[PDB]
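Peer 1: Can you read through this structure? Questions will come right after.
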There are 8 protein chains.
Amino acid sequence: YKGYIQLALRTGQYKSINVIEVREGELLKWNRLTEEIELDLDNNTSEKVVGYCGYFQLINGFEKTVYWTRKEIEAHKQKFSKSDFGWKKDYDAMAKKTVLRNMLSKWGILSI
Amino acid sequence: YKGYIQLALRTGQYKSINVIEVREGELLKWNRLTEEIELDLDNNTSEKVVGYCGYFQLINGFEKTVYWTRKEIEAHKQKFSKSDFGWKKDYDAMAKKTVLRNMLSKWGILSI
Amino acid sequence: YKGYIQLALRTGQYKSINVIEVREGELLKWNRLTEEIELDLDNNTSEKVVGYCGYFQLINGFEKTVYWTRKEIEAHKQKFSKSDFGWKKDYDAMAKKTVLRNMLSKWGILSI
Amino acid sequence: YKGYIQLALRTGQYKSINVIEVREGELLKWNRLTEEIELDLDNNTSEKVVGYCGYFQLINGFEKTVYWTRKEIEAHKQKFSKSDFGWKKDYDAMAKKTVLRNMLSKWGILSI
Amino acid sequence: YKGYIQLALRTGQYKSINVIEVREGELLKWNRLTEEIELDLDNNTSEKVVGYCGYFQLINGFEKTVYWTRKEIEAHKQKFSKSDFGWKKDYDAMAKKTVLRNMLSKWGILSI
Amino acid sequence: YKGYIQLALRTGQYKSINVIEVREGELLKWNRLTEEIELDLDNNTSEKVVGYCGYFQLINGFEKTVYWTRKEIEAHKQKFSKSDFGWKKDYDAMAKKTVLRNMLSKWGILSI
Amino acid sequence: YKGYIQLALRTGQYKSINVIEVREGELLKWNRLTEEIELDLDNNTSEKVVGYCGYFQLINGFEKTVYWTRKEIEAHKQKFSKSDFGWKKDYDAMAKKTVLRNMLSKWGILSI
Amino acid sequence: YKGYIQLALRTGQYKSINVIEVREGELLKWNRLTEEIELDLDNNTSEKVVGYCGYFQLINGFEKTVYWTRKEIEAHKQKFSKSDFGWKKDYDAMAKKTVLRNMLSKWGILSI
């Protein structure tokens, strides 16, 4: 993936990129059609995360939002992944790296 | 198709683009004349997709919606497609790429 | 025609445009004076198209409907068209492109 | 005339406009006082047109009907028109353009 | 007068308006008290007009009829009009415009 | 008075209204009790008017007739009117407007 | 009283109503039993009114006549009326309005 | 009683109805068998009424006369009436209303 981030930095036409995790009872409602999402901070009771989100905006004003839950990531690990040694040590880091690599791959522009 | 996406990004006058899949018992009703579509989320029982949809809106306020079902895609694969090795591995990805290439081709503006 | 679509997009005062085909036993009744048309979906028995229709609405609320049958298109191809190589490969695409070019030409506004 | 259509489109308070030709044995009866007209379709025997008609309705519900025959148009061409090169090539297009320009002129509202 | 027509259109509570000319041997009998008028079409021999008429009906069902002859118009031109350059070019158009302006003025409702 | 006519039009329950002038040797006999009046047209010799009349009929069949002569109008101008600049320019128009305002006032129904 | 006239108009079953004043030396003889009254016009010498009369006839043929003199009206003003500011300005209008209100009240039919 | 008058008006087959009071030294002679009554007007000296009378005639020519004196009305008030507050304010109005109600009741035809 580090090659993908290297190419993204060498491209030099992006403005901002961010990936975060949304924990139980944090957001209000998400739309899968118009990409409408709203979130309220410091109002929560649990300590277990429920999903992941990512926001990427370019210098020309174009923006993109992606949101995933546990069902898709478990389906992906059970049909594509073939390693399990790192899954016991941590649960989120490899999920984040997969999210980044896919979002950079199928939408992101690459330059050499 | 990646050339088409490259040209679309280099054009730099679009605002948002999205392509999704609509699964059984998700939308309410679709109009083929006025492009009127409404969808209700998290209310569904099955696990088999039934159609595909796409929404593309420009920076000037112009928007366009496209919706396809299985009949048109199977007709297209039986009259135009000549390869079948990838159809057994996955069923949706190539359908999505065909949808994108056609929608970019016959409506989308291109620049060099 | 692609120049006409390019000029239409560069104009930037339209709201929605659509062109479709009406197949046998689909619509109910059409008025050629008040442009009154009503259509009932998923109630049909045949597989042969009978006409073409187009709806174009602007951002100011103005709308326009056009509907053509096979008689006018065959008269047009027999008095104006001088090529026949593409007519055997497909039957509808060039009819649609002629409909678009005429409707953009004699009503549509153009800007440079 | 194209300037008149441009001003009409830039006005942005109209709803629908249409101009057609009525051919022999098509309509039933026309009233010149109350603007009462009724027409029956697909019941005709000849192939020679006999008159022209136009219907224009605004967004506020106001509507207007105009109907002309060959006598008025021949009187107009013999007292006002000074050119004849285009009359041999076609017979109806310039009659339609005169109908549009007059109806837009003496009733239609114009804005700058 | 065009200002009067502009105000009438901007009012937006009228239904139909018409002004015509009645030529010799066209109508049957007219009543100046109950506004009873009846006319028979395509039964006439002369080619010289004898009077003018106007019918104006609102959206609420109210209707009004006005009919004038040559005596009143010649009295009006000889006591009020002060120009004669346009009278030789045409005879009816200015009579019609005076009829419209008076009927809009003394009965018609105006809004700003 | 124009406000009175505006209110009358906005009321929307009237059927017909008319005000005319009766000139010397025109009517036959008038009744002030049963409102019986009969008039014969195109049989007259003089050119000086002698009285004014008005007929107003509603949509429910109710009708009303009013007839005035010069004595009442001269008494009214000498006891109520305080202006004389317009009396020399014309003699009938202000008499008609007074007739309309009084008849609308003391019988006519008003709505807001 | 205007409410009484409003209710009378909204009733919509009357045919004609009239109230007049009879001046000295105008009528011939009046009967208080059979309501027989006869009057001769344009034969009079004085200029002082002596009484008031009213005729009201329905659509079904029923008619009613009422006639009053100065004695009854002065008795009524001295036993019922409590205001005198308007009596000096005019003498007849309030007498007429009292006649109308009483005749509408004790005979007239009212509807809501 | 107003209900009785309402029903009488809704019946719509009457022609004339009248009720009056006969004062001392007014009539000549009355017959209780053949209903023969004759009265001479404007020949009287007193100012105290002595009786009441009523005449009612239909559209078919049928007529009826009723005449009452003070003896019958005082007998009726002393055997039937149970209220006395209104008798001091006026003496005749309630007598008239009783006459009307009885005459409408025992002879008059009623319809619903």
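The way I read the labels, and the way they are meant: chains A, B, ... in the order of the structure tokens, residue 1 as the first residue of every chain, and ligand 1 as the first ligand shown, with later ones counted on from there.
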Under the rule of at most 9 Å, produce a per-residue listing of chain H near chain G: chain, number, name, the closest pair of atoms, and the distance in Å, as a tab-separated table, using only C-alpha atoms.
Peer 2:
residue	atom	partner	partner_atom	distance
H:2	CA	G:106	CA	8.9
H:5	CA	G:107	CA	8.2
H:6	CA	G:109	CA	6.9
H:9	CA	G:109	CA	8.2
H:12	CA	G:60	CA	6.3
H:13	CA	G:60	CA	8.0
H:14	CA	G:62	CA	7.1
H:15	CA	G:62	CA	5.5
H:16	CA	G:62	CA	6.8
H:17	CA	G:64	CA	8.6
H:18	CA	G:33	CA	7.1
H:19	CA	G:33	CA	7.9
H:20	CA	G:33	CA	7.0
H:41	CA	G:31	CA	8.3
H:53	CA	G:33	CA	8.9
H:54	CA	G:33	CA	8.4
H:55	CA	G:33	CA	7.7
Peer 1: Convert the current residue selection to file output with N, CA and C atoms, as a short mmCIF file (atom, residue, chain, number, x, y, z; two decimals), in the first residue's frame.
Peer 2:
data_model
loop_
_atom_site.label_atom_id
_atom_site.label_comp_id
_atom_site.auth_asym_id
_atom_site.auth_seq_id
_atom_site.Cartn_x
_atom_site.Cartn_y
_atom_site.Cartn_z
N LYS H 2 -94.46 32.13 12.44
CA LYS H 2 -93.55 32.32 11.31
C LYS H 2 -93.35 31.03 10.53
N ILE H 5 -96.39 30.95 8.20
CA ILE H 5 -96.18 31.81 7.03
C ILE H 5 -95.15 31.21 6.09
N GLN H 6 -94.10 30.59 6.64
CA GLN H 6 -93.10 29.94 5.79
C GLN H 6 -93.72 28.82 4.96
N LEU H 9 -95.93 30.36 2.19
CA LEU H 9 -95.13 30.83 1.05
C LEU H 9 -94.58 29.67 0.24
N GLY H 12 -97.15 28.03 -2.48
CA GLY H 12 -97.13 28.63 -3.80
C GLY H 12 -98.37 28.45 -4.65
N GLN H 13 -99.56 28.46 -4.02
CA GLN H 13 -100.80 28.48 -4.78
C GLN H 13 -101.76 29.57 -4.31
N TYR H 14 -101.29 30.53 -3.51
CA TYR H 14 -102.14 31.63 -3.08
C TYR H 14 -101.93 32.85 -3.98
N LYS H 15 -102.91 33.75 -3.95
CA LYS H 15 -102.87 34.96 -4.76
C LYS H 15 -102.73 36.23 -3.95
N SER H 16 -103.55 36.43 -2.92
CA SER H 16 -103.47 37.63 -2.11
C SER H 16 -103.97 37.34 -0.71
N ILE H 17 -103.37 38.01 0.27
CA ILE H 17 -103.78 37.91 1.67
C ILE H 17 -103.62 39.28 2.31
N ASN H 18 -104.57 39.64 3.17
CA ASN H 18 -104.53 40.94 3.83
C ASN H 18 -105.29 40.85 5.14
N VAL H 19 -104.77 41.53 6.16
CA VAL H 19 -105.44 41.67 7.45
C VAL H 19 -105.36 43.14 7.86
N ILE H 20 -106.51 43.70 8.25
CA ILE H 20 -106.61 45.11 8.61
C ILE H 20 -107.48 45.23 9.86
N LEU H 41 -114.47 54.69 3.03
CA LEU H 41 -113.24 55.25 3.56
C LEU H 41 -113.40 56.75 3.83
N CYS H 53 -110.43 42.62 10.63
CA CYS H 53 -110.94 41.92 9.45
C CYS H 53 -109.78 41.35 8.65
N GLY H 54 -110.10 40.35 7.84
CA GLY H 54 -109.10 39.70 7.01
C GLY H 54 -109.72 39.15 5.75
N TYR H 55 -109.00 39.33 4.64
CA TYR H 55 -109.43 38.87 3.32
C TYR H 55 -108.32 38.03 2.70
#
Peer 1: Write out as a ChimeraX atom specification which residues come within 10 Å of residue 40 in chain A when counting only C-alpha atoms, dropping same-chain ones fewer than 6 positions away.
Peer 2: /A:25-28
Peer 1: Within 12 Å of residue 96 in chain D, counting only C-alpha atoms, which residues show up once you throw out same-chain ones fewer than 5 positions away? Write them as a PDB file with N, CA, C and O atoms, in the first residue's frame, please.
Peer 2:
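Saved as selection_39.pdb:
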ATOM      1  N   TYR D   1     -37.058  35.668 -36.524  1.00  0.00           N
ATOM      2  CA  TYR D   1     -37.987  35.043 -35.591  1.00  0.00           C
ATOM      3  C   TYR D   1     -37.234  34.400 -34.433  1.00  0.00           C
ATOM      4  O   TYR D   1     -37.709  34.398 -33.292  1.00  0.00           O
ATOM      5  N   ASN D  18     -47.543  24.897 -29.089  1.00  0.00           N
ATOM      6  CA  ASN D  18     -47.582  23.911 -30.157  1.00  0.00           C
ATOM      7  C   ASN D  18     -48.217  24.535 -31.387  1.00  0.00           C
ATOM      8  O   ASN D  18     -49.160  25.320 -31.275  1.00  0.00           O
ATOM      9  N   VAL D  19     -47.686  24.187 -32.556  1.00  0.00           N
ATOM     10  CA  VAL D  19     -48.259  24.574 -33.838  1.00  0.00           C
ATOM     11  C   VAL D  19     -48.297  23.345 -34.736  1.00  0.00           C
ATOM     12  O   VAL D  19     -47.301  22.619 -34.850  1.00  0.00           O
ATOM     13  N   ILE D  20     -49.457  23.087 -35.340  1.00  0.00           N
ATOM     14  CA  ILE D  20     -49.671  21.913 -36.177  1.00  0.00           C
ATOM     15  C   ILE D  20     -50.440  22.329 -37.424  1.00  0.00           C
ATOM     16  O   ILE D  20     -50.885  23.470 -37.562  1.00  0.00           O
ATOM     17  N   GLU D  21     -50.594  21.377 -38.337  1.00  0.00           N
ATOM     18  CA  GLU D  21     -51.367  21.563 -39.555  1.00  0.00           C
ATOM     19  C   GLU D  21     -52.546  20.601 -39.556  1.00  0.00           C
ATOM     20  O   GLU D  21     -52.396  19.417 -39.235  1.00  0.00           O
ATOM     21  N   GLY D  51     -55.404  23.586 -43.568  1.00  0.00           N
ATOM     22  CA  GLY D  51     -55.270  24.719 -42.674  1.00  0.00           C
ATOM     23  C   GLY D  51     -54.181  24.486 -41.651  1.00  0.00           C
ATOM     24  O   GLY D  51     -53.563  23.422 -41.597  1.00  0.00           O
ATOM     25  N   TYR D  52     -53.958  25.505 -40.822  1.00  0.00           N
ATOM     26  CA  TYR D  52     -52.958  25.448 -39.766  1.00  0.00           C
ATOM     27  C   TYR D  52     -53.581  25.904 -38.455  1.00  0.00           C
ATOM     28  O   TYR D  52     -54.516  26.710 -38.441  1.00  0.00           O
ATOM     29  N   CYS D  53     -53.059  25.377 -37.347  1.00  0.00           N
ATOM     30  CA  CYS D  53     -53.587  25.683 -36.027  1.00  0.00           C
ATOM     31  C   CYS D  53     -52.444  25.804 -35.029  1.00  0.00           C
ATOM     32  O   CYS D  53     -51.344  25.290 -35.243  1.00  0.00           O
ATOM     33  N   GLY D  54     -52.725  26.492 -33.931  1.00  0.00           N
ATOM     34  CA  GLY D  54     -51.735  26.704 -32.890  1.00  0.00           C
ATOM     35  C   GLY D  54     -52.396  26.856 -31.539  1.00  0.00           C
ATOM     36  O   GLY D  54     -53.425  27.528 -31.399  1.00  0.00           O
ATOM     37  N   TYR D  67     -56.375  29.641 -35.522  1.00  0.00           N
ATOM     38  CA  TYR D  67     -56.561  28.761 -36.666  1.00  0.00           C
ATOM     39  C   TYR D  67     -56.666  29.595 -37.934  1.00  0.00           C
ATOM     40  O   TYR D  67     -57.419  30.571 -37.980  1.00  0.00           O
ATOM     41  N   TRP D  68     -55.916  29.197 -38.960  1.00  0.00           N
ATOM     42  CA  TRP D  68     -55.873  29.908 -40.228  1.00  0.00           C
ATOM     43  C   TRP D  68     -56.066  28.932 -41.380  1.00  0.00           C
ATOM     44  O   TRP D  68     -55.781  27.736 -41.265  1.00  0.00           O
ATOM     45  N   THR D  69     -56.550  29.462 -42.500  1.00  0.00           N
ATOM     46  CA  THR D  69     -56.782  28.700 -43.720  1.00  0.00           C
ATOM     47  C   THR D  69     -55.887  29.245 -44.835  1.00  0.00           C
ATOM     48  O   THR D  69     -55.024  30.097 -44.610  1.00  0.00           O
ATOM     49  N   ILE D  73     -53.565  33.250 -45.792  1.00  0.00           N
ATOM     50  CA  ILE D  73     -52.131  33.173 -46.050  1.00  0.00           C
ATOM     51  C   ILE D  73     -51.813  33.618 -47.475  1.00  0.00           C
ATOM     52  O   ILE D  73     -50.785  34.263 -47.716  1.00  0.00           O
ATOM     53  N   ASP D  90     -40.504  24.709 -50.810  1.00  0.00           N
ATOM     54  CA  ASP D  90     -41.447  24.186 -49.834  1.00  0.00           C
ATOM     55  C   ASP D  90     -42.605  25.164 -49.708  1.00  0.00           C
ATOM     56  O   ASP D  90     -42.494  26.331 -50.092  1.00  0.00           O
ATOM     57  N   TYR D  91     -43.721  24.675 -49.170  1.00  0.00           N
ATOM     58  CA  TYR D  91     -44.949  25.454 -49.095  1.00  0.00           C
ATOM     59  C   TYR D  91     -45.396  25.775 -47.678  1.00  0.00           C
ATOM     60  O   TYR D  91     -46.131  26.745 -47.484  1.00  0.00           O
ATOM     61  N   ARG D 101     -44.325  34.069 -35.748  1.00  0.00           N
ATOM     62  CA  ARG D 101     -43.871  35.433 -35.497  1.00  0.00           C
ATOM     63  C   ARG D 101     -45.044  36.357 -35.190  1.00  0.00           C
ATOM     64  O   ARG D 101     -44.971  37.163 -34.257  1.00  0.00           O
ATOM     65  N   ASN D 102     -46.151  36.232 -35.931  1.00  0.00           N
ATOM     66  CA  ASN D 102     -47.317  37.064 -35.644  1.00  0.00           C
ATOM     67  C   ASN D 102     -47.927  36.758 -34.280  1.00  0.00           C
ATOM     68  O   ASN D 102     -48.260  37.691 -33.533  1.00  0.00           O
ATOM     69  N   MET D 103     -48.079  35.474 -33.938  1.00  0.00           N
ATOM     70  CA  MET D 103     -48.715  35.124 -32.672  1.00  0.00           C
ATOM     71  C   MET D 103     -47.843  35.536 -31.493  1.00  0.00           C
ATOM     72  O   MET D 103     -48.358  35.995 -30.466  1.00  0.00           O
TER      73      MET D 103
END
Peer 1: List every residue of chain F that DSSP, applied to the backbone, labels as strand (DSSP E), and write the result as a ChimeraX atom specification.
Peer 2: /F:14-23,27-30,37-39,49-58,63-69
Peer 1: Keeping only C-alpha atoms, write those residues as a short mmCIF file (atom, residue, chain, number, x, y, z; two decimals), in the first residue's frame.
Peer 2:
data_model
loop_
_atom_site.label_atom_id
_atom_site.label_comp_id
_atom_site.auth_asym_id
_atom_site.auth_seq_id
_atom_site.Cartn_x
_atom_site.Cartn_y
_atom_site.Cartn_z
CA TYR F 14 -73.39 38.39 -11.50
CA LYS F 15 -74.51 37.45 -15.00
CA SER F 16 -74.93 40.61 -17.10
CA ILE F 17 -74.78 44.39 -16.67
CA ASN F 18 -75.44 47.14 -19.19
CA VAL F 19 -75.92 50.92 -19.19
CA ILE F 20 -77.14 52.83 -22.25
CA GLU F 21 -78.64 56.18 -23.23
CA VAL F 22 -82.15 56.59 -24.63
CA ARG F 23 -82.49 59.38 -27.20
CA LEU F 27 -88.79 54.08 -26.36
CA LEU F 28 -92.57 53.63 -26.28
CA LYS F 29 -93.65 53.79 -22.62
CA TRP F 30 -92.04 53.22 -19.22
CA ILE F 37 -90.26 49.22 -20.54
CA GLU F 38 -90.41 48.63 -24.29
CA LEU F 39 -88.23 50.18 -26.97
CA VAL F 49 -80.35 62.36 -26.04
CA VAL F 50 -83.12 62.62 -23.45
CA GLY F 51 -82.42 60.00 -20.77
CA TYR F 52 -80.29 57.14 -19.48
CA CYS F 53 -81.14 53.54 -18.63
CA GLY F 54 -79.49 50.53 -17.03
CA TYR F 55 -80.23 46.81 -16.86
CA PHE F 56 -78.54 44.45 -14.41
CA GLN F 57 -79.32 40.73 -14.15
CA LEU F 58 -77.82 38.11 -11.84
CA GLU F 63 -83.10 41.46 -12.80
CA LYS F 64 -83.30 45.19 -12.16
CA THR F 65 -83.98 48.20 -14.39
CA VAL F 66 -83.20 51.85 -13.67
CA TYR F 67 -84.13 54.85 -15.80
CA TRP F 68 -83.27 58.52 -15.26
CA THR F 69 -83.95 61.79 -17.07
#
